[PDB]
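Below you'll find only one chain, the form deposited without adenosine monophosphate, shown as structure tokens.
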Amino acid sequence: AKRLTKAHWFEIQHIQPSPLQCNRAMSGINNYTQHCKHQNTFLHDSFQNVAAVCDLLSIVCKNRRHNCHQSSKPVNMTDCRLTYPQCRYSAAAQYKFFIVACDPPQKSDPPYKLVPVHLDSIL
């Protein structure tokens, strides 16, 4: 999409409601960046459900900001690890809590109060 909001890029990178193979799912991401990303975590939940985490209590992020929010329960995920543009990955299923950073929406985002913009942590 030539240009993207932070939240839209978050969705592209990290929202995968139905699992895909890592090699296929990473192809689009690696095309936008022109490199084989070495690792990526895909969350198997909808954008709407991940965005609801932003309404939960705010907590500190790795970068020392306080716009992070922890999921109330674990979710299923796929961890893709690089093993260009012929990038090949290994995959691991995971079931973990996550922490997202959230910001107010940009003009081009859905008009929630807050939207998820970064995957801060898995735990």
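Numbers for residues come from their place in the sequence shown, where the first is 1.
A second form of this protein, the form deposited with adenosine monophosphate bound, is not displayed here; the remarks below concern that form.
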Under a 4.5 angstroms heavy atom criterion, identify the one residue in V75, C36, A52, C61 near adenosine monophosphate in the entry with it bound. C61
How about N30 - does it come within 4.5 Å of adenosine monophosphate in the entry with it bound, if we only consider non-hydrogen atoms? no
Under a 4.5 Å heavy atom criterion, is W9 part of the interface with adenosine monophosphate in the entry with it bound? yes
Hey, in the entry with it bound, is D103 touching adenosine monophosphate, heavy atoms inside 4.5 Å? yes
Give a yes or no for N67: in the entry with it bound, does one of its heavy atoms lie within 4.5 Å of a heavy atom belonging to adenosine monophosphate? yes
